[PDB]
Structures are given as structure tokens and as C-alpha cells.
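What follows is one structure encoded as C-alpha cells, with my remarks underneath.
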Ligand SMILES: Nc1nc2c(ncn2[C@@H]2O[C@H](COP(=O)(O)OP(=O)(O)OP(=O)(O)O)[C@@H](O)[C@H]2O)c(=O)[nH]1
Ligand SMILES: Nc1ncnc2c1ncn2[C@@H]1O[C@H](COP(=O)(O)OP(=O)(O)CP(=O)(O)O)[C@@H](O)[C@H]1O
Ligand SMILES: Nc1nc2c(ncn2[C@@H]2O[C@H](COP(=O)(O)OP(=O)(O)O)[C@@H](O)[C@H]2O)c(=O)[nH]1
Ligand SMILES: CC(=O)Nc1ccccc1O
Ligand SMILES: CC(=O)Nc1ccccc1O
Ligand SMILES: [Ca+2]
Ligand SMILES: [Ca+2]
Ligand SMILES: [Ca+2]
Ligand SMILES: [Mg+2]
Ligand SMILES: [Mg+2]
Ligand SMILES: [Mg+2]
């Protein structure tokens, strides 16, 4: 009984979180009302990892929904699986964060964080043995970014020895709501460097390019982007939600994926990504070559520009496990110049028999690559372009922040980039 | 090629064949190790909380 | 795509083989410390055979036989021949040799003096050579020369009746390149080389070692007739076979090559059970340089076996390409009239 | 009769231990419910099998075993498995969260809080023994529990049972069947602190078992079940002398006397044959010579290495099935003349031979075919140092960059323990080189 507590904060965080519970609820056979209707015991084997069991054989997600304005969480409650969430687990304010990291982190967010921690404390107290936490959020806004990292900081203070993982959407000018996103993202990245064990970096630009160029979506929406994130979140958590020789909890995963405490930012990937030639059976070679292709990755970083510290692939569906080793052992021994030679056997593979909905088989990629430095480089450049003129800072100084805290956040992320650069050589 | 020490019982037998002749930490000390590591974990946690209180 | 690593930058041979592998467009060279390789062109000394054959999914092949040093070591070869029943102590093609340890350090000092005194008393030619070089007909000088050193030496009978080429009245030796693949097939390169002495052989003066030592480095450094009779004191089989027909009315095959092929098989079959990589988690092949002497009776003697040999400049292309065909491509195929002679044998 | 207590630590130890006790029951005629019809002494007796099984007044034959794991999922299989009735709950110990493949976490953080409980439970089994010989400790090298808690347990056992022998069955890490990357660290950390507390350790390389299951049993992708069924056959061959009437390796002390002249060099190489696929139409039964010759082929060793280039310090031949000494000696002579068997000059060039007439038992519905005779050769070779050289090299690659070290320091371990443990392994490699090479 290794329970995980899920938190989703802000607009992006709650919309991606909603789709996540919609996707895995389907895989575990949980209907919108929380009743199980599956046909395999594998669905229930690890059900308690993400779900609580209430009276009447009801399964209720162990999820905490947080926001500083009500709108997004009213949509969730009216959404497909809205009624599946615990009523007490909606924690929201009315003021909003105005895409302002200082409001989420220092003013508005501080007013609401204690009541969120009251809910977290309640879910944890009813856990046989808490694995850790996972947070979904964006870094470009105010609530997910500013209040998200405040929640993490206070969760770590109360649960210092528990694992803290996040799915963090990184802002991109091509899919942007406001010009202050580089400010909000740079401020959050430092919080994540210090207080998370594993951060899945989801880049909105990569999600967009995949929708437009690969999926052939002329006009991608936030919904389309969140379809990719749901599938990815379902893949990276397969090993936690189903049985298999892999086993592994959050800590054992972190121990083998993170060689250095600050370099814990991961590039996730998924295959297939088929446009609508969608019924074609995908062979194992195609799954592997696509999974390792840059176009299939969601950090918007070319791995051929850096070196893999550690790689983890998860294959789902009924396929040849001998042929999985042959193709995986082929991609390594055919591109070994992008794997560091001082971590032996740093490419690991796992198989799960249950495929995602509507797919004969799939592959999820989890790479800890030093190429991720390109993502932080982009953010730093956009930050500096504005900060050198102190442009748009009044929104933040008006919330009590000093310019010194921005200078520090800048020096911290440039440090982070430099730390990736030395391990890339 | 000699066979020495041939022993036989109802469930088997054994023998030897020679082809050629030839030519702690106390309980206390372990407690200190464990408690010392425990103290170092406490010190590192105190530095974390001190960081978070700042 | 096949991957290989190069761990001996000083090998003139495998520098070419590596040059060819890349020329095929189907082989990729990795860093010398990358463990995910198919082929290792390993270092001469202290090659870590224990780390081979443990990479999942990779069939790994190395260009050295772990344990072949017993054949390519001066002292080792002597002990192997004497103590191996397949070769026995009466081995008729290996000069009488004795392993002698310097006195400042089993040992065969008394055994040698026993055979030496026998020769001195029987008026027989009693000249020996010490190496690990000094040539003398007195046992006192040979032993005192080894004690002044600090490593193990070997004293063997000096062929006082070598076959001398005419004109010139000069000594020589024969280099044969032998390739042993992973299946332990013994391939003899059809092209050999004679490293001839450019000075007239003189039996009444072993002090000047320029006419007794046919080494390519001693002739090109201490000989005053280097390159007179053949370019670089190197005669190839075609010319040598022609000389044997004109002067001796015989052939290189009949008079010498049969004995060479016999000696190569005998040495390599003897140690096959000790070095074969048949049922091993990794595979081995290796190129050998056999050095032979020929006396005036057209009898062939074995001088030594080199485990890391070089090649004659004129034969690098042919032999190196041949190594890729039978040794490397046979285990890693790509997307004639063989240059070798297969020496069949029972495994 | 002197008792042997088995201890199973971590996932590998527990699952290996489960497979072994299933085999022991089939070998001794013990039903899943603990009953043993052939045992005519109800709730008592000092027979050979009593070294591994106690007896209740009701006639149940209870293993002298303790299962320890910091997580309950693996040991829960024992509680609900076929042989759930054999064990009582006191013998099965489970925590709530494991060591996360972190030696420091299993040895220090969690180990400190559970060591006294495990000792108390082992004390309960010890108090049932009239003359305890010692302990057999099953564990993995790479697991956080199998490496970290095992070494702590071995340290304490040396304190609480000074005059008792301790043997190990250790799973050497193999990438082909492991998702961890830090196992070289755990392997070296546990060997360093365990070395002076183990009298004889049988290492089983998962790489070797994996390839035997693919090459001989035609398993395209072997699982832990296939691996453990084969491993328990070897373990049974090694412990059979303690459980059956005989005169060779009759007590744990004899394992050290016959196999370990030098204390630190206490890692014998195990070779087993034949391994025949049960799915085969029908195999030709191999002779004494053929299976004895197979013991000198690298392909059926528990650790892949080349004994032709090491030196032997000892050599036991354990035969099961239709074998008479006549054929053994005839096969030995034939192998000395054809093999490269170089003993060290300060050791006799001999072979201790043991014959048990009962042929190997195979689990119904298993992968292994029933054979009429089989052999396990225990040989102390310097060649097994290849396994330390490989492992130490992987250690050096990561430690040069301090990769993953923070996880261990984070649990209270000092960075100096790494280097201290590493220098002990360098010394161990040097010992093998002084005895083996000239
Ligand atoms: N042969 C064999 N090896 C196993 C088995 N189970 C795990 N292993 C190996 O053991 C190593 C992993 O350590 P585990 O024993 O699973 O971990 P642990 O001892 O329970 O310690 P934790 O880290 O706390 O889980 C890997 O190298 C696995 O290949 C098994 O049943 N049979
Ligand atoms: N017993 C003997 N009788 C006659 N000549 C001998 C001899 N032993 C050695 N030589 C001469 O010495 C030369 C070879 O020397 P040797 O092979 O012992 O040294 P080396 O091994 O450093 C040269 P390489 O290994 O390159 O062939 C030959 O040219 C040969 O003429
Ligand atoms: N992928 C994805 N990104 C989103 C979504 N909604 C907002 N974003 C991104 O998140 C950032 C804005 O943060 P937001 O979550 O709206 O602010 P918050 O509500 O204060 O936390 C911008 O970079 C948006 O592009 C969504 O549904 N999906
Ligand atoms: C970034 C920011 O603060 N934006 C904003 C703009 C107008 C009113 C309130 C606001 O918060
Ligand atoms: C699923 C995940 O995140 N981790 C993982 C996957 C396959 C092998 C090893 C691993 O650690
Ligand atoms: Ca207010
Ligand atoms: Ca009884
Ligand atoms: Ca002891
Ligand atoms: Mg918004
Ligand atoms: Mg030489
Ligand atoms: Mg475990």
C-alpha cells in the first residue's frame, strides 16, 4: 500500500490534471461516478496507489484541486469525470493570481496555502504508507507557478523525507498568454531545483509542433496539447499503477534516474503519435525508433545536442519481449555517442501487458538528458531580454518583491545551465 | 590416482582422490556506527528546516 | 552498424584494418574506453579479457588469444615444447634450448652445462646464442653475460651451418604470417618474406653480429651493404623460389614450405585446448609472425613466434584486407582465390 | 544432529528461498501442509532432514527459516503461496517501505530500526536447536535490503553467535535482468563490510543463469521464476550433504575446510550439469564422463569466467543419481589429460567426491527435465576474480564523477565509506593475483 497524493494547481494544472484522472480512471475501469466496471484483476491490483476506497466499493481519486480563482475548477466539477473528485478536496479562492508569480507565491497564495495543507494532511493521515506527492502545474502563470512552488516548499517542510515529483508545463512564446511568462518560469525553476526529486519538463512549444507537424492539426488548441500530456502522464506512471517484474516506488525510481541532486529534469516522450493510417499495427522497431526520435519528445530539446545521463522506456501491450530487447539494444549500440560512458547500463526497459485505450501497444520515453539545458537557455534569454530594461517588473515590485530576487533567480538558472554543460563534455 | 577415505551409506558414498601431492566489531562499536549515521541525518535535516525557516 | 574500438595506436597492422573497416561505411569507431563495441583491437600488454563478453546483446570479438604468450615468449616457448607431449623434448625442428635465470634471482643451468661439455669433448660444433644478444663458443662467456642482466634468458644452439644465398654468401631468415580465426582455423598468408643479411657469413668471428643477425633493424643500422642484393634486405617468395629452382633444382614448397606448414600446425594445435574461444562468452582471433631458420641440408628450424607482428610494406594492403575477410567479416558480415592457405587439422 | 537456520533477505533472497523450500519438501516427501508420511517419529527425531526442518506435536515439518524484507509484497507471496502452511507468522518479517536500492538506506536508516526484531525472531529458532551449526544467508548484491541489511545482520550474527559458521548465497548483479544502475555501489559496499563475517560465499551471476535458461531451456526471455527454479537446484546440490545421510560436507564447518584455505578467498565457483529442457521430445541421458567434463565448460558455470587461466585451490564434485565411484575416477583421469587444471603449489592436486543416490528432483510443471544423474562442482579458482574486476570497474566509472553518491550520504553514510570499501576490493583483487599468477 504505497499511496501517492496528487495535487493540481491553477488553470493549466487543473485542466491537465482533469484529463489525467479521466485517462487513468478509464484504464483502471473506474466510471465517472467512482464505481469499478473492469474485466481484469490487474486493474485493481495497484488501484489504491492513486485512489481511495470509500463505502459501497467506491473509488475516489486521492487528488487535491487548488486554484486562486473559481472558474477552472467549476469547469472540472461540470466536466466528464467531475463528480469523481472528493467534494472537500476543492480548495479555491476568488481573487486570482493575474499571471503573477508574486501573487501566487507571496500575497494571494499565502492567504490560501494553509487550507490546502489541511487537505493534504488529511489525505496523508489516511495513507498506509505514503510514497510521495506529484504536482501538475504550469510555470508561466501565477497560481500553478507561484503558489505551486509555495505548496512544494511547505510540503517539504512538513514531509521532509517524502518524494516530491511534478509535471511542469514550460512556457513558450509560440503558445503564450502573457509576456511575463519568462519571469514566472525563471522564478519557479529555482524552487524546483531545490525542492523536487523528479520534474517532468513538458514544453508547450514541443506539444504545439507535434500537433501541427506530426498530428497535422491545422489549429491546435489547449485541449489538443492536453491530450498529449494526458497520454504521457499515463505512460510515465504505468509502472506505478500496474503489476510486473519492475516493481519500483517513487524513491527507487529517483535513485536510479537522478545521478546528481539538481539535475532531475526529465524529457518525456511517447509513441505512437499517429494522425487520422491510424489503424495500422505498429511494430516494435517503429515504436523504438519513434520513441527515440526528437520529434516525439516534449521538452523541445534536440537530444543529439547533449548526452543522456539515464534513460527509461516503458512498453505497453502484448508484444515480443525478446524483440523489445533487440531493438533497444540496437538504438544504444547504434548511437552510443549520446550516452555517458561513466554510468554503466544507463538505459533501462520495462514492459506492461495492458495497453492504453485504443492502442495495440505504445512506448513511453523518460530521458534525463543534459540537452535539457537548451530549455533553460531559452527561458533565461527571454528573461534577460526584459530584465535588462526592468520591463514589466512593476507588476512584481508592486507585490513587495525586490529586483535583487530577480537577479538571484537569473544567477541560479545560469548556474543550472553551467552544471549541465560540464557533464555534457 | 589414489582413493582415500571411502565412506558408504544406504543413500550414497563419498571418497577423496589425490592426483598429485603438493609442493570483529563489538556490539557497542556497531551501535556507534548506527547512531553516528543517525546523527548525520538529523544534522542534514536540521539544515534543511533551517533553510526553509529562512 | 558495427562498432569497434582501437586500443593500440602503435600497431601498423590494425591501423590499416581500422582504416579499411571505416572505408566500408558499415563500421563505426568508438572511444577507446566505450564498452559497447563489437570488435576490440586491444592493447598488447595487460589486455582485460575479463571484461569481454558481458555487454547484453553484443557479440564481442578481440584480436588476441588470451594465453598465446606461452608461444610468443622466449622462455615460455622453450618450456612449452619440452613439457608438452604433443611436442616432446625430442622435437626435431626446434634448436636445443635451455631456460637460464640470472644468478641474482625452474632453472636449467646444470642441464645446459651437461650437454655443453658433451659437445666440447666430442669435437662437435659447440656455439650457442643467448637472448631474451651474445654469440660465443665458450660457456663461460654466455653465462656471465646473463648474470650481468636482470631478466630471464634462453641459451640455444647456434645454427653453425645456415643456408647461404648466392651470390653474397649470406645468412637469412623467413617470416610467415599466420591468422587464426574464432573457429581456430589456421590460415597461412601465401606471401612470406626473407630478411636476408647483406654481409658475408663468417664462422670465425661471432664478435661482429651484423652477418649473423638477420634483423631488419640491425642490417639497416650496422650493415654496410644494406639494399644491395634485394630492396631493403627483403627477398619475397617469388624470387626465393626462383633461386631454389636455379641453384638447388628444387622448389620452395617442397624444400621448405612443407616443413613451415608442419611447424605452424604443431605449435598451434598444441595449445588449442588452452586458448580456444569455442564455448567462450567472447571470441578471439590473432595474427602471428613465425620466424624460421633454414640450414644447408634444407631443414627448417623454428626461431620464435611473434604475437604482435608487423608486415612487409609491400604486403600490408593484401594481408590487412585478408584479415577483414576471414577474421572480422566472418563474425560480422557486411551488406578469390583466398590469399591464405588453410592448414586443416582435427579439433 | 546439528541444525541449520536459513535467512532470506530482500526480494531475491525471499524468492530464491521460496523456490528452495518448495524443492526441499519435494525432495524429502513433505507435503505443502507440513506432513511427512515417511517420518515415523511423530513430532521428534534427529534425522538428517531435521537439520532444516523442526517438527510440531501434530507432525508438521516446519522449515528452520527466517524471511526478512523491508517491503511486504514479496513475502506476502509466501503467506498465501502453496506452502503457506509450512511457516508460522513469526518467521515472516516485513516492513512497510524498502531501501530503494540504496545500501545506506537498508544498512543505516531502516536497518537500525529493524535489526533487533530480526535477531529476536532468529533467537526463537536458535532456542529450538540442540546444536546449531550456523546460518545460510540468501540475498542479492544489488538490492538495498539484500546488500545493506544483510551486512548489518552478518555483523550482529558474528556478535551473537561467535562460534557459528555463516555461508552466503549471493546474487551478483546482471544488467540483462535489472532496472537499477547503482548496484555496483551496493555490491562493493556489502562485500567490504561482510567479508570478515562470511566463511564461504557462493556467488550466482544472474547473467550466467539467464544465458543457461536461454541456451539450454530455450526460454526466449527468462523470468525470475525460471531463474529461481534453476538456482534452487544448484543450492539443493550444495546443501544436500547437510540434509541427507553422508560423510562429505556434513556440517557447515566442512564447507570452509574443504573449499577455503585462505579466509578472504572464500568465493567458490559453482558449475552445474546437465540442464535439459523438459519440452524436449526426449534427451539422451549423459554419462558420468560427459557431465563431469561439462563441469569444465564455461557455459554452465554460475559465474562466467575462464578457469583455464586461474589456479585451483580446492575442488569438490557433488553427484546426484546413478553414479558409482568407478565411473567418477575414470572420468577424472580422462579430463586431467585433456583439460588445463593448474592447482597452486601449496595445495594437493585432488578432488573430494560426494555421491547421493537420489537423482535430482524436478518441480512438476517446471522447465527442467528429469535426468538420471547430475553433478555440481565447487572449485575455488582465482579465475572468479574476473567477476570482482568487472564489478570494481563499473564502481570506478561512476565514483569518479560521484554519480549517485548523494543518495547514500543523504541517508547518513560518509563518502569515505565508498573509498574504504573500494580499497578493500582492490586488496581482494591483489590477493587473487598473488595466489593465481606467476
Ligand atoms: N536470480 C534472481 N535475482 C533477483 C530476484 N529478485 C531480484 N533479483 C536481483 O536482485 C537485484 C535487485 O535487488 P532486490 O533483491 O530485488 O532488492 P531488495 O534486496 O529487496 O532491496 P530493496 O532495494 O529494498 O528492494 C537485481 O540485480 C535483480 O536482478 C530473483 O527472484 N531471482
Ligand atoms: N639458434 C640460432 N641459430 C642461428 N641464428 C639465430 C639463432 N637464434 C637467432 N638467430 C638469428 O637471430 C635473428 C632473430 O633473433 P631473435 O628472433 O631471437 O630476436 P628478436 O625476437 O628480438 C627478432 P624478431 O622477434 O623481430 O624476429 C635471426 O635473424 C637469426 O638469424
Ligand atoms: N499545455 C497546457 N498549457 C496551458 C493550459 N492552460 C494554460 N497553459 C499555459 O500555462 C501558462 C499560463 O499559466 P496558467 O495555468 O494559465 O496560470 P495560473 O492559472 O495562474 O496557474 C501559459 O504558458 C499557458 O500557455 C492548458 O490547458 N494546457
Ligand atoms: C501580472 C499581473 O499582475 N497582471 C495584472 C494586470 C492587471 C491587473 C492585475 C494583474 O495582476
Ligand atoms: C517507469 C519509470 O519512470 N522508470 C523506469 C522505467 C523502466 C525501467 C526503469 C525505470 O526506473
Ligand atoms: Ca485578502
Ligand atoms: Ca521425525
Ligand atoms: Ca566471524
Ligand atoms: Mg490562465
Ligand atoms: Mg621477438
Ligand atoms: Mg525490495
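Method on record in the header is X-ray crystallography, 2.3 Å.
Just so it is clear, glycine is given a Cβ too, placed from its N, Cα and C backbone atoms.
Feature annotations, courtesy of Swiss-Prot:
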{"type": "ACT_SITE", "residues": "D:254", "note": "active site"}
{"type": "BINDING", "residues": "D:11, D:71, D:140, D:144, D:145, D:179, D:206, D:228", "note": "GTP binding site"}
{"type": "BINDING", "residues": "D:71", "note": "Mg(2+) binding site"}
{"type": "CROSSLNK", "residues": "D:326", "note": "ubiquitin cross-link"}
{"type": "CROSSLNK", "residues": "D:370", "note": "ubiquitin cross-link"}
{"type": "MOD_RES", "residues": "D:40", "note": "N6,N6,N6-trimethyllysine"}
{"type": "MOD_RES", "residues": "D:40", "note": "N6-acetyllysine"}
{"type": "MOD_RES", "residues": "D:48", "note": "phosphoserine"}
{"type": "MOD_RES", "residues": "D:232", "note": "phosphoserine"}
{"type": "MOD_RES", "residues": "D:282", "note": "3'-nitrotyrosine"}
{"type": "MOD_RES", "residues": "D:339", "note": "omega-N-methylarginine"}
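Feature map: annotations from Swiss-Prot on the structure.
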residue: D:40; record: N6,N6,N6-trimethyllysine; Cβ within 10 Å: 8
residue: D:48; record: phosphoserine; Cβ within 10 Å: 17
residue: D:71; record: GTP binding site; Cβ within 10 Å: 22
residue: D:140; record: GTP binding site; Cβ within 10 Å: 31
residue: D:144; record: GTP binding site; Cβ within 10 Å: 32
residue: D:145; record: GTP binding site; Cβ within 10 Å: 34
residue: D:232; record: phosphoserine; Cβ within 10 Å: 23
residue: D:282; record: 3'-nitrotyrosine; Cβ within 10 Å: 7
residue: D:339; record: omega-N-methylarginine; Cβ within 10 Å: 16
residue: D:370; record: ubiquitin cross-link; Cβ within 10 Å: 13
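Annotation note: residue D:206 (GTP binding site) sits in a helical segment as assigned by DSSP.
Of all residue pairs in the GTP-binding list (D:11, D:71, D:140, D:144, D:145, D:179, D:206, D:228), the one with the greatest Cα separation is 22 Å apart.
When the Cα atoms are compared, residue D:370 (ubiquitin cross-link) and residue D:11 (GTP binding site) turn out to be 28 Å apart.
DSSP assigns residue D:282 (3'-nitrotyrosine) to coil, not to a helix or a strand.
Less than 8 angstroms from the CB of residue D:206 (GTP binding site) sit D:171, D:172, D:173, D:174, D:176, D:177, D:178, D:227, each of them six or more residues away in the same chain. Listed in sequence order, the residues of the same chain lying 6 or more apart from the residue listed as 'active site' and placing their CB within less than 8 Å of its CB are D:248. The closest partner of the residue listed as 'omega-N-methylarginine' among the binding-site residues, by CA position, is D:140; the full candidate set was D:11, D:140, D:144. Here residue D:228 (GTP binding site) comes close to D:15, D:16, D:18, D:19: these same-chain residues lie at least six apart in sequence, with C-beta atoms under 8 angstroms from its C-beta. Checking the recorded positions D:11, D:71, D:228, D:282 against ligand 11 with a 6 Å cutoff on the Cβ atom leaves D:11, D:71, in sequence order. With respect to Cβ neighbours within 10 Å, the binding-site residues D:11, D:179 differ, and D:179 shows the lowest count. Here the Cα atom of residue D:140 (GTP binding site) is found 14 Å from that of residue D:232 (phosphoserine). Measuring Cα to Cα from residue D:232 (phosphoserine), none of the recorded positions D:11, D:40, D:48, D:144, D:145, D:179 fall within 10 Å. Candidate recorded positions D:140, D:326, D:339 yield D:339 as lying near chain C, with Cβ-Cβ distance under 8 angstroms. Using a Cβ-Cβ cut-off of under 8 Å to chain A, none of the recorded positions D:48, D:145, D:206, D:228, D:326, D:339 qualifies. If you draw a 10 Å sphere around the CB of residue D:326 (ubiquitin cross-link), it holds 9 other CB atoms from the protein chains shown. Calculated from their C-alpha atoms, the gap between residue D:145 (GTP binding site) and residue D:48 (phosphoserine) amounts to 32 Å. Comparing Cα positions, residue D:144 (GTP binding site) lies closest to D:48 out of the recorded positions D:40, D:48, D:282, D:326.
Secondary structure from DSSP puts residue D:48 (phosphoserine) in a helix. In this structure the alpha carbons, written CA, of the residue listed as 'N6,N6,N6-trimethyllysine' and residue D:11 (GTP binding site) are 36 Å apart.
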